[PDB]
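In: Fold the following, please.
(chains A, B, C and D)
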Amino acid sequence: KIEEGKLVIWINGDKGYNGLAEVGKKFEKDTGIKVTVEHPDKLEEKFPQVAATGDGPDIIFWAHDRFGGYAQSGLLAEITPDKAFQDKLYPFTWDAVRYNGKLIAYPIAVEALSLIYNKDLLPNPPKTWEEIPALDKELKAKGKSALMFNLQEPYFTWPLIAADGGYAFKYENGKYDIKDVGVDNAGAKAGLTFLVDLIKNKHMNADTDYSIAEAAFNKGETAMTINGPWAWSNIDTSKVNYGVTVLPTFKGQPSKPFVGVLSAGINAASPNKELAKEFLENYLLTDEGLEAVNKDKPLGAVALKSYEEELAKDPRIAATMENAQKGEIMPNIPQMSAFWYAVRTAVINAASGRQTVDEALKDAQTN
Amino acid sequence: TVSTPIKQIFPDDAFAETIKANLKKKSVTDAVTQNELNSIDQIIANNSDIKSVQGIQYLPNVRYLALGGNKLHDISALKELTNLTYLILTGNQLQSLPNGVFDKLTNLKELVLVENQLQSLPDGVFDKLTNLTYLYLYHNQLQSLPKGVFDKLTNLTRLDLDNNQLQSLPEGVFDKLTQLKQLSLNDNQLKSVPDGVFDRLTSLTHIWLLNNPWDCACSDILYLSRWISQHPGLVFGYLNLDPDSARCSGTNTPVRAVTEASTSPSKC
Amino acid sequence: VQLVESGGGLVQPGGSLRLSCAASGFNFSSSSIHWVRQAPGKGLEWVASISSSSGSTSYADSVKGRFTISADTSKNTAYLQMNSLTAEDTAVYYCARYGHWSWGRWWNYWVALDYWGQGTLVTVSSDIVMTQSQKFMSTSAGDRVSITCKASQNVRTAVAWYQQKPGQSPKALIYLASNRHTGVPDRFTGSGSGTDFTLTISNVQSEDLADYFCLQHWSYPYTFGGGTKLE
Amino acid sequence: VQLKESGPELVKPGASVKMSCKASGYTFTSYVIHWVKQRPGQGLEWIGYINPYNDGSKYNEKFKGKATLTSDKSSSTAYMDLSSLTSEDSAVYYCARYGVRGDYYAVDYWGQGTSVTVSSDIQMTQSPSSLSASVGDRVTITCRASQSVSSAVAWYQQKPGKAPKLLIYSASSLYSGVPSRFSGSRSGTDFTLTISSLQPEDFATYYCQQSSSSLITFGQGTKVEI
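Out: Residues are numbered from 1 along each chain as shown, chains lettered A, B, ... in the order given. Sharing the structure here:
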């Protein structure tokens, strides 16, 4: 299990784990508590399974949407920051970590999907999605592609799904309405249909994932990709002269991604709870703290009032937030777990030719 | 011969309508010579919602003007109505009297200013109304009074100051009446009347003092007490003679029951 | 695209009033609706907000408990019920859509009230002025000072002066233009009648350093002066 | 003789306060008890008067929806209930008499005073309050938030007698339809509205608004004159 006197932290493999361990050893050199940062695969699914047997990490990092399902089964400890440390973060971000009147996690930064485009190849990016099958043929006279991005994860295909009026659950009368699911409306049916057409007209490939989408933009094989601020560091290195701008509109409506806040939650079963709140409150959510993380892999719009101002100048954060402002923030209801599973199966089945669009979404609504 | 339609003399439609009612007329744009204006001896426009009496300057014979429950602001047109005998201005929201509006109306016998939001009287308003018999000032918001405000109304026999906010009467304010038979002071804010204010009202038969916050702990009340004791057949209330209606304040005991040793001048 | 308000007008202090804002031209069920009022004189003040879907409500502290915002998604109208109104509520009330982030939480972080209603006027109605031509004085013991206080209208000899030194309730120095309230030295004298009044103090002494103001009690409302603090 | 006011209060906004004034030394029921407000910093303000005999009451029309005046002739006390509280009601309150003696009208004695404090923000400061730059000129309006906000600011234009239209959202982005010459920019906590050229329809008032945390707050306004 986990010993006391040690913090075991889990954070997803695309974030800046190396810089978080840097902060961990800062914690070591003056409290004596060893900190181990690990980035296990499918982190978000292993945690409910190992925590209910007793153990796993102390601290888990993820978007805020899965922390609802966690707190509902009581895997998370209720956090008690005083109203003066709450003021060090935007009074915005504390809503995304509040499940059932209680606070269950610390907000670290706000993530949002943006359009990343090769400035050396596509100086004026497309304002709409409509013009990409036409932009593609113009870049098939070079051998280039037009656009590539993770189709394995519905997180990335949803800004086009929810574009023309698609949605997860209807937020009506204080609650998210669990039985009102908008994965069949005219908009989602027309959003995924346009995604399908791009594949069978061979402007993308249904088999593309994260590891060939970024692995094609960093070598200049593709003009555009859709990714979050964590990919900037790898792109910064490759010295591909790129820009970060607002997503293309789809049939007038702007692309509406789902927004998550990177949040740190504390295992309810940890013997090291106060140690874990010292690390987060005193060391991580600080200037010298987040700067360590942000330099490994950028976090987006950080929730710390303080360090946000210093990154303001960044035209890349603006595109992140300007694109978050279109489309709403992720519900955290326990059903998000089964929501994403229902959507990646309807996207995959329709990207692949197994069911058409109408057939793929009608399945997903049967909960 | 100036054939002048009514609605030019009197800009107020409702007011011109009382004229059309006063002369036995058929329409309201009819012509009216000065001759028929001078047939108007009385204008009862009681309860008829009139804003300005502008134009009543040219009715030389109004001996009886009663304008009640109206919206009057400006009665300055009334100071040239010398032949005014009875003036009754009730229910109107006029906050003040012009200095010298009544100066000219030397034939006034009865003046009823009632239910306006009067807070003060001018220093000498009544000074020329020497033939005044009945003066009714009740339901105004008066708090103090001018000195000798009544010193000229030597023929007065009925004075009604009831239901105001009179906090104190000026010294000898009543010294020059000598003919008053009825004086009302009920429903006011008097703590105490001046030493000997009623000493010269040698024609007085009815007086009302009830519903005042008389201050029977101060030694100034002594005068009122020894007066009620002397003249009990003079003090009235609602039913009949009640000389116990002049109650103390906070004890509700009769004023005429206050003894010298039961107060102290150190208080007031 | 438009937002039509209604229900403004004349209301007695303490009374109530219901403003309506009829919406059409946008998805109204996925927008927030905000009320922003503007005094005849001052800037825009945000009053209350609502998300047409979550029913979520928020208010500015200056109306909390007196105002109740609501909305009817089927009739596309939002209403602002305004009870127990004060005179300082008199203002033009505007109604404005947010749209965007609303229909989750964050429904009231970060607005851009793109579209506005034409506004509607609310008037809550059912005065003498004393000017103290000098807020600060300067003097030293065996002193000379005179403090002036001039009315905007004719208060007829009915004005009083008050000595207020810090941490204390005002002393009452002079009543009715010229009378030394009992216990006040011969050193203080009050002067004047009509529009124009003075308080003169002679040998000024260390215990005379305090803030003096005037009060007219002729007409209503009773009104004070600005205060004059002595050096 | 003396008037004794209840002890100090501290209430949250929107809640209730009723304070007391216990008369002693004269005949309470025969003399009126005025009430006066005094905010730290500015002059006195008269509230009402309620005479403990009827007891009727005039209020100053600024207060008539708040202040309620009552009295109990039995216990020689006058009361004042102020609801619902906002933070502008943070003040010292007084009661004082109105004593008369035929020709002596005063307020006489004031109570020691009841202190009231009310609380549990973002202040947008524009520069300048009013400018005056000509057609064609480059106007720059700066607006500085007190507390740290993100790129959350918006800029509105308000021609006299019409509802504000929106120009800039999120601190730098031009709203739909808005002309080219308008622009927004952010340097930490001050936000700059700049119009590159200036056309004759720009001569109106300009508000900035912060929403990082709802309570929503606007600027005092910048007026652009011809």
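In: ok, now which ones touch the residue sitting nearest the centre point of chain D?
Out: Centroid check for chain D by C-alpha atoms, centre = their mean gives residue D:88 as the closest residue, at 5.2 Å. Residue D:88 makes contact with residue D:39, according to C-beta atoms under 8 Å, 6 or more residues apart in numbering or on different chains. The C-beta positions use only the backbone N, C-alpha and C, and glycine is treated the same way.
In: Outline the domain layout of chain D.
Out: Domain ranges of chain D: D:1-120, D:121-226, per curated CATH domains.
In: where's residue A:193, which helix or strand?
Out: Per DSSP states H and E, residue A:193 falls inside helix A:186-200.
In: Enumerate the positions of that helix that are buried.
Out: The neighbour-count criterion (16 or more other C-beta atoms under 10 Å in any protein chain shown) identifies A:187-192, A:194-196, A:198-199 as the buried residues of helix A:186-200.
In: Just send those residues back as TSV, with distance to chain C too.
Out: Formatted as TSV, the buried residues of helix A:186-200 follow (distance: C-beta to the nearest C-beta, whole Å):
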residue	distance to chain C
A:187	11
A:188	15
A:189	18
A:190	16
A:191	16
A:192	21
A:194	21
A:195	23
A:196	26
A:198	27
A:199	30
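In: Would you mind giving both backbone torsions of the residue in the stretch 201-350 of chain A positioned nearest to chain C?
Out: Here the stretch 201-350 of chain A gets closest to chain C at one residue, residue A:328, 4.0 Å apart by C-beta to the nearest C-beta. Here is the backbone geometry of residue A:328 (degrees, to the nearest 10): phi -100, psi 180.
In: Report the contact partners of it.
Out: A:256, A:258-259, C:101-104, C:106.
In: number of nearby residues for residue D:133?
Out: Look at residue D:133: counted by other C-beta atoms under 10 Å in any protein chain shown, it has 16 neighbours.
In: isn't it right up against residue D:139?
Out: Yes - using C-beta atoms under 8 Å, residue D:133 is in contact with residue D:139, at 5.1 Å.
In: what touches both of the two?
Out: The contact lists of residue D:133 and residue D:139 share D:198, D:224, where a contact means C-beta under 8 Å, 6+ apart.
In: quick one: the strands in chain A?
Out: Here chain A has its strands, by DSSP state E, at A:6-10, A:34-38, A:59-63, A:98-99, A:102-103, A:105-111, A:114-118, A:167-172, A:175-182, A:224-227, A:242-245, A:260-266, A:301-302.
In: closest to chain B among the contacts of residue A:328?
Out: Distance to chain B, by C-beta to the nearest C-beta, is smallest for residue C:102 among the contacts of residue A:328, at 50.8 Å.
In: Now the closest one. Nearest residue, chain neighbours left out?
Out: In space, and not counting its chain neighbours, residue C:102 is closest to residue C:32: 4.2 Å by C-beta to C-beta, 6 or more residues apart in numbering or on different chains.
In: The one you found bridge partners, please.
Out: residue C:51 (DSSP bridges).
In: give me the number of residues near residue A:120?
Out: For residue A:120, using other C-beta under 10 Å, the count is 11.
In: same check, this time on residue D:13
Out: Counted with other C-beta under 10 Å, residue D:13 comes out at 18.
In: what does residue D:223 give?
Out: With other C-beta under 10 Å as criterion, residue D:223 counts 16.
In: cool, and residue D:154?
Out: As a burial measure, residue D:154 scores 25 neighbours (other C-beta under 10 Å).
In: From what I see, it and residue C:96 are in contact.
Out: No - counting by C-beta under 8 Å, residue D:154 stays clear of residue C:96, with 11.1 Å between them.
In: intersection of neighbour lists for these two?
Out: Residues touching both residue D:154 and residue C:96 (C-beta under 8 Å, 6+ apart): residue C:113.
In: For chain A, what's the nearest residue on the stretch 1-150 of chain B?
Out: Taking C-beta to the nearest C-beta, the stretch 1-150 of chain B has residue B:93 as its residue nearest chain A, at 51.7 Å.
In: again but with chain C, I slipped
Out: For chain C, C-beta to the nearest C-beta, closest residue to chain A: residue C:104, 4.0 Å.
In: so what's that residue up against?
Out: A:171, A:328-329, A:331, C:54.
In: if you set the cut-off to 10 Å instead, what comes out?
Out: By C-beta atoms under 10 Å, 6 or more residues apart in numbering or on different chains, the contact set of residue C:104 is A:95-96, A:167-169, A:171, A:176, A:258-259, A:327-331, C:51, C:53-54.
In: which non-adjacent residue is nearest it?
Out: With C-beta to C-beta, 6+ apart as the measure, residue A:328 is the residue that lies nearest to residue C:104, at 4.0 Å, once sequence neighbours are left out.
In: do you know how far the one you found is from residue D:43?
Out: 51 Å (C-beta to C-beta, to the nearest Å).
In: Is the residue nearest the centre of chain C part of a helix or strand, or is it coil?
Out: Central residue of chain C (C-alpha atoms, centre = their mean): residue C:88, 5.5 Å from the mean position. Using DSSP: H, G, I helix; E, B strand; the rest coil, the structure places residue C:88 in helix.
In: these two touch, right, it and residue D:62?
Out: Yes - if you go by C-beta atoms under 10 Å, residue C:88 and residue D:62 touch, sitting 7.0 Å apart.
In: Up against chain D, what does chain A have?
Out: A:87, A:90-92, A:110, A:246, A:301, A:304-306, A:308-310, A:312-313, A:315, A:317-318, A:321-322, A:324-325 (C-beta under 10 Å from any C-beta of the partner chain).
In: number of nearby residues for residue B:95?
Out: 12.
In: and the gap between it and chain C?
Out: 9 Å (C-beta to the nearest C-beta, to the nearest Å).
In: cool, residue D:35 as well?
Out: In this view, residue D:35 and chain C are 10 Å apart by C-beta to the nearest C-beta.
In: Roughly how far does that residue sit from residue D:78?
Out: As for residue D:35, its distance to residue D:78 is 8 Å (criterion: C-beta to C-beta).
In: Mind giving me the ChimeraX select for the residues of chain A next to chain D, buried ones only?
Out: Per 16+ other C-beta under 10 Å, the buried members of the residues of chain A next to chain D correspond to this ChimeraX selection:
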select /A:90,92,110,246,301,304,305,308,309,312,317,318,321,322,324,325
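In: Next step: the residues of chain A next to chain D restricted to helices.
Out: Counted as lying in helices by DSSP state H, out of those, are A:305-306, A:308-310, A:315, A:317-318, A:321-322, A:324.
In: Alongside chain A, which residues does chain D contribute?
Out: D:147-152, D:169-173, D:186-189, D:211-214.
In: if we go to 6 Å?
Out: Chain D has residues D:148, D:188, D:213 near chain A, with proximity defined as C-beta under 6 Å from any C-beta of the partner chain.
In: quick revisit: what's the most distant pair in the ones in helices among the residues of chain A next to chain D?
Out: For those, the farthest-apart pair by C-beta to C-beta is A:306 and A:322; their separation is 22.2 Å.
In: Tell me which residue of chain C is positioned farthest from its centroid.
Out: Outermost in chain C, C-alpha atoms, centre = their mean: residue C:142 at 41.4 Å.
In: Just the element for that one, please.
Out: Short version, using DSSP H and E: residue C:142 is in no helix or strand.
In: Ok, the one 5 residues further on next?
Out: Secondary structure from DSSP H and E places residue C:147 in strand C:146-155.
In: do the same with residue D:207
Out: Under the criterion of DSSP H and E, residue D:207 resides in strand D:205-210.
In: elements contacting that strand?
Out: With contacts defined as 3 or more C-beta pairs under 6 Å, 6 or more residues apart in numbering or on different chains; DSSP states H and E, strand D:205-210 has these neighbours: strand D:139-145, strand D:154-158, strand D:217-218.
In: Let's see that with 8 Å instead.
Out: strand D:124-127, strand D:139-145, strand D:154-158, strand D:190-195, strand D:217-218, strand D:222-224 (3 or more C-beta pairs under 8 Å, 6 or more residues apart in numbering or on different chains; DSSP states H and E).
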